[PDB]
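Asker: First the structure, then my questions, so here it is.
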Amino acid sequence: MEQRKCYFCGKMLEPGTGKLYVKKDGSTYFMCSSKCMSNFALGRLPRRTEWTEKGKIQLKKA
Amino acid sequence: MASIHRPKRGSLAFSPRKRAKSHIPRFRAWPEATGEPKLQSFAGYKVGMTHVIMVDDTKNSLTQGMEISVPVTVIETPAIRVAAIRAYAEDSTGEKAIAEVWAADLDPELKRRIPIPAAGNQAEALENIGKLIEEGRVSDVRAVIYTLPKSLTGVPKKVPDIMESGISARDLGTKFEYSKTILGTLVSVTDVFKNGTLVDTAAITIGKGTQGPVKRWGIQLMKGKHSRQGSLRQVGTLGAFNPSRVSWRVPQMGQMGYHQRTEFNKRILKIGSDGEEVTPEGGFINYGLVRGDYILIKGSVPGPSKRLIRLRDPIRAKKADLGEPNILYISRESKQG
Amino acid sequence: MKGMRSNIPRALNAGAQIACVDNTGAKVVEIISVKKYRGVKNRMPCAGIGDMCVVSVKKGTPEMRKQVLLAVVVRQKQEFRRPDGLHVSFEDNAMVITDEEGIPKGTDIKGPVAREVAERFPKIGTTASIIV
RNA sequence: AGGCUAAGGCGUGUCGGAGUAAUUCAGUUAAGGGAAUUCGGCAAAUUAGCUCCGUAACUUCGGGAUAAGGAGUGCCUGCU
RNA sequence: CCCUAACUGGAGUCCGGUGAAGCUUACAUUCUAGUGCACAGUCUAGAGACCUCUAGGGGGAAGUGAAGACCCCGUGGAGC
RNA sequence: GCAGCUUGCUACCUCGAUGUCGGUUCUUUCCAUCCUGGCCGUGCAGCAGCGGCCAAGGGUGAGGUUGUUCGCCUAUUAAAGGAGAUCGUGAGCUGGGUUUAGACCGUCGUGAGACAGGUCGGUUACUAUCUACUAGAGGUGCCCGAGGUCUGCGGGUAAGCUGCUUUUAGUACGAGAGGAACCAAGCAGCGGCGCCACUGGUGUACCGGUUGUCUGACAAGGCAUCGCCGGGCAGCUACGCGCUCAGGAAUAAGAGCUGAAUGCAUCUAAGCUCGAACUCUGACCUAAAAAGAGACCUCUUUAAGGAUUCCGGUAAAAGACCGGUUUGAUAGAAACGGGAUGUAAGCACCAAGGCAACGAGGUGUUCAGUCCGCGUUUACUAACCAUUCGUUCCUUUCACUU
């Protein structure tokens, strides 16, 4: 059972759910939900988005 | 005219498509007895769907041996009571009910369905049935059973549902003996079905009320310029000039759903006793949480949540002994997420 | 053909102009028909990952252009589910020129191919640099 | 112009309603494909203001021309 | 369009009030075949059919609207 | 000779109108069968053809030109058969063509004008009375009164059809080249039925950002398509998901057994065995309004039980259906769980700068604030109060009572 992490929110992909998104350059990103996929496609960054773990890490950097 | 052909819109195998006359599915056929005596059917209530991660044990499949995510239907299956034994006589005009014996003690909430049969003749009724079997007036025996939904909480009803079930035995005497053993008892779903086996599921489908021919039969819409000339969701023609009538085979609006349907070869993936194993966080939406014993049926089942689902041993199963599924993970994440 | 492990929606229908992503000299090919596909009335021929289509080279070299060829789609934007429940989607649609047997006319494939096509036609997998 | 508001004029011309089903008039949105629909891109969609750069064949030398094709644009602080 | 889905407001659906018009010799729950001015719910022989009500799209009533504008005829007209 | 699906002939019906071609949508039928099933012959080695017989259960598609029918062409395909139904189908649609009024070109004619020549443009009416069908109800008949469970006279069904790949097998066959069949497996196309864990759409619940304007400013709000933009739970939905072999009987063509007429022979004249995607049965749906109007059991005969009122939803256009009703979690409130959005207001510090007044915005407070048409716990309020039928009504034509 592959254990997968959401690229945007950093949450573990629950088995039997979630998406894998592949760009032209072979880059692969796990998405836990349509919300994370939409925010990734909008160009928003997780480190700037507060509800994600990367945004939380960026804020707690201070 | 050189015509383009298409398959007919919908199936005429379910006509007339009317509302089912009861909320309970009735079985018109019972399969062959192929072993020790037992009931051929059980009845539970549909809860909802989840999914499991399991190892593909299906022989000859390409993905056999690997992790696969399989949707499952959860069916809450409290113990049913064997209320009565009914005997049937076969003649030229078919089967007729000839005798019935009710169990001496029955659940008090059965009065919501019927006035309770008294604790009257059971010994002499059984000996009468034995005499009838000995003298050859009995063609077969069925068990009248009923569910006890009071123990459930996602099903609001306390009135039991009553239905006839076949008995699987090699001989009529064996059938009668087994029915006498099981009469008046509480049978669990493990006493009817085993894990990993195929079954047939009957249920009343989701009711959609009155629906047009587009949704009801899958007829094409009007296309292009015709889409906005005033008949968009509406059948092109009701018939030819001759014959001067609308055929019953022309797709038309009417009752959609709330029909009896039988699905074949649904595999049981788990017989559980504790509903906490399958209940997600937050509960099943509009249902709640499982509390009694339950069953996992591979794939989908007819009917919505809380509908009574009748399970029976398979009547057209292809595959031989399938095995016990290896459920590696039952998903209990929030279905409301 | 050999069955694939995944369930593939036939996402590209006839008339779609897909970028051709090998070194054969075809830049854009329009789907004409789908091999081994029988349709129904009014339904356009449909193709998902792993399907072989007859294509016409609309852009590319002048020798490739206007030729009726066979191509295999290796990337599709429509999401498809693997057996273990994970959904996969690519950033674009992409095809590679092949023969009837499935051998690619090109020698290297720029971009990731789907594992489904990589297994159904093993030579596409070897020609591709990475299989996703 | 369009939007939101004064003053002034009005609520003036059938109601209610439990999903208020199907269907229909007029709208919003729609994965992937993108005219494969159709007699025909009909209908719908695209573009869109202003500033700056740049603007072809042809021409009756007037034009074509807003051709085409690109870039900018909000708020705040201080200014020329 | 492939191939449709969901949603918004107005109708429709159900309720209160108000309240017309158009087809109509009669009867009438029909269906098949034949017959018949050779395209019958009514004739003939069969087959079906318990009655009433509600909703629904229009197969049929060679449905309704209309003394065919096409053709011919009239020792009928008009204009050119 | 057949058919009447081409074109003719005729003028019997219709001129107080049966709306004219083609397409589209939907249903059905025929077989003279294109494929799929079964056979026979071959100048049939196999592969694959050619010819014929049975067989109408299913399929027979997508595109370019043309109004086309027809036809040509393209690439798939097992094949992309043909025809009938008022040349099916305009109280369904379209209007490209033909069949009005305008105009141009060519040709006729002195001319008006004409052309089964071409071209551009050119209004598609109606609230369904009856019948038919699709669905939903109320009755009456059947019937000890009521309820429940069944049966199945019958009706319907495509209770699925068809390809690819692997294997058989580089085998039989064949000198080679080439190249099968039974069985077995998976997948796919189309069809059917259902479902919503997953994924996608929608989601005018909800959350946030922001433009213009109004309510004096902030905050909170109105309006501009939900103002627009981003996200989205439930629900619905497909572009998602599950299921969707058979076997047996009796047959067609056909192949045989036995067998005389006709000592022999003969598949046939009796008799018998096989033999199809056909038919029937069989795994599905419907079906006591089956007039032979059903069987069984239970309860109870001023009762059983049903309806109405009440709180609802697995159901629902009205009806109906399914549940609960204090001996109760049916619905709602409260809190919590599980979710949506994205970090509220106020406060403090910082802020490019400005002498200052101010200052877009950043950080902390703060995964905050707001919200939940989901669940759990919980009788906290509301499921209370009742009515009505099961009596022909008045009457003493009474099984009763002032």
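Protein chains in written order, with full-length UniProt numbering: chain A, 1 to 62; chain B, 1 to 337; chain C, 1 to 132.
Backbone N, C-alpha and C define an ideal beta-carbon position, used for all residues, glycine too.
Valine 189(B) and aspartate 293(B) - do their beta-carbons sit closer together than 9 Å?
Answerer: yes
Asker: Classify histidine 87(C) as helix, strand or coil using the three-state DSSP reduction.
Answerer: strand
Asker: Could I get the ranges of all uninterrupted beta strand (DSSP E) runs contained in the stretch 116-154 of chain B, with 3 residues as the minimum, in chain order?
Answerer: 140-146
Asker: From the DSSP output, which residues share a beta bridge with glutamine 211(B)?
Answerer: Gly254(B)
Asker: Apply the 10 Å Cβ neighbour rule to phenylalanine 14(B) and answer buried if 16 or more other Cβ atoms are within range, or exposed otherwise.
Answerer: exposed
Asker: Can you look up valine 72(C) in the DSSP assignment and give me helix, strand or coil?
Answerer: Reduced to three states, the DSSP call for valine 72(C) is strand.
Asker: Roughly how many angstroms lie between the CA atoms of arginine 47(A) and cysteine 53(C), to the nearest whole one?
Answerer: 43 Å
Asker: Return no unless some Cβ of chain C is closer than 9 Å to the Cβ of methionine 222(B).
Answerer: no
Asker: Using alpha carbons as the reference points, say which of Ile271(B), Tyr45(B), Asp140(B) and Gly207(B) lies closest to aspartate 91(B).
Answerer: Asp140(B)
Asker: When DSSP labels each residue in this structure, what does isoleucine 182(B) get in the three-state scheme?
Answerer: helix
Asker: Go to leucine 59(A), then tell me how far its beta strand (DSSP E) extends in each direction, as first and last residue.
Answerer: Per DSSP, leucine 59(A) belongs to no beta strand (DSSP E); it is in the alpha helix (DSSP H), 53-60.
Asker: Residues of chain C with CB closer than 8 Å to the CB of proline 15(A), please, in chain order.
Answerer: Going along chain C in sequence order, the residues near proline 15(A) (Cβ under 8 Å) are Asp84 and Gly85.
Asker: With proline 122(C) as the anchor, note down where its alpha helix (DSSP H) starts and where it stops.
Answerer: 122-127
Asker: Report the rounded CA-to-CA distance for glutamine 122(B) versus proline 7(B), giving the unit in angstroms.
Answerer: 57 Å
Asker: Against chain C, does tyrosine 7(A) count as a neighbour if the rule is that its beta carbon must be under 9 Å from one of theirs?
Answerer: no
Asker: Got a sec, what are the start and stop residues for the beta strand (DSSP E) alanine 43(B) sits in?
Answerer: 41-55
Asker: Please say whether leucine 198(B) and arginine 261(B) have beta carbons closer to each other than 9 Å?
Answerer: no
Asker: Under three-state DSSP, which class holds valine 82(B)?
Answerer: strand
Asker: By the DSSP assignment, the beta strand (DSSP E) with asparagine 326(B) in it spans what residues?
Answerer: 326-330
Asker: Hey, could you find the ends of the beta strand (DSSP E) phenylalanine 264(B) is sitting in?
Answerer: 260-272
Asker: Relative to the C-alpha of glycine 275(B), which residue among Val74(B), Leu311(B), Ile24(B) and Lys59(B) is closest?
Answerer: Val74(B)
Asker: Over what stretch of residues does the beta strand (DSSP E) that includes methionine 31(A) continue unbroken?
Answerer: 28-31
Asker: Say whether the stretch 16-36 of chain B touches the stretch 38-52 of chain C, bearing in mind that this needs 3 or more beta-carbon pairs closer than 8 Å, one atom from each stretch.
Answerer: Because the criterion of three Cβ pairs below 8 Å is not met, the stretch 16-36 of chain B and the stretch 38-52 of chain C do not touch.
Asker: Going by other Cβ atoms of all chains shown within 10 Å of its Cβ, with 16 needed for buried, is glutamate 116(C) buried or exposed?
Answerer: buried
Asker: May I ask you to verify whether the stretch 117-126 of chain C touches the stretch 42-60 of chain A, counting CB pairs closer than 8 Å and requiring at least 3?
Answerer: Verdict: no, contact absent.
Asker: Applying the 10 Å Cβ sphere with the 16-neighbour rule, what's the burial state of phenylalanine 284(B)?
Answerer: buried
Asker: Can a CB atom of chain A be found closer than 9 Å to the CB of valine 52(B)?
Answerer: Yes, because at least one Cβ of chain A sits closer than 9 Å to the Cβ of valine 52(B).
Asker: Counting pairs of Cβ atoms below 8 Å between the stretch 229-245 of chain B and the stretch 3-22 of chain C, do you hit three or more?
Answerer: no
Asker: May I ask you to report which of helix, strand or coil DSSP gives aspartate 191(B)?
Answerer: helix
Asker: Checking 9 Å against the spacing of the C-beta atoms, do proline 25(B) and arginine 310(B) come in under that value?
Answerer: By the CB criterion at 9 Å, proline 25(B) and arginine 310(B) fall inside the cutoff.
Asker: Would you say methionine 1(A) faces chain B, with C-beta separation under 9 Å as the test?
Answerer: yes
Asker: Along the chain, where does the alpha helix (DSSP H) that runs through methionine 163(B) open and close?
Answerer: Counting along the chain, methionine 163(B) falls outside any alpha helix (DSSP H), though it belongs to the beta strand (DSSP E) covering 162-168.
Asker: Specify the secondary structure class of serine 56(C) as computed by DSSP and reduced to three states.
Answerer: strand
Asker: Around the Cβ of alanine 83(B), are there at least 16 other Cβ atoms within 10 angstroms (buried) or fewer (exposed)?
Answerer: buried
Asker: State buried or exposed for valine 68(C), treating a residue as buried only when at least 16 other CB atoms are found within 10 Å of its CB.
Answerer: Burial call: exposed.
Asker: Can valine 72(B) and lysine 306(B) be called in contact, C-beta distance under 9 Å?
Answerer: no
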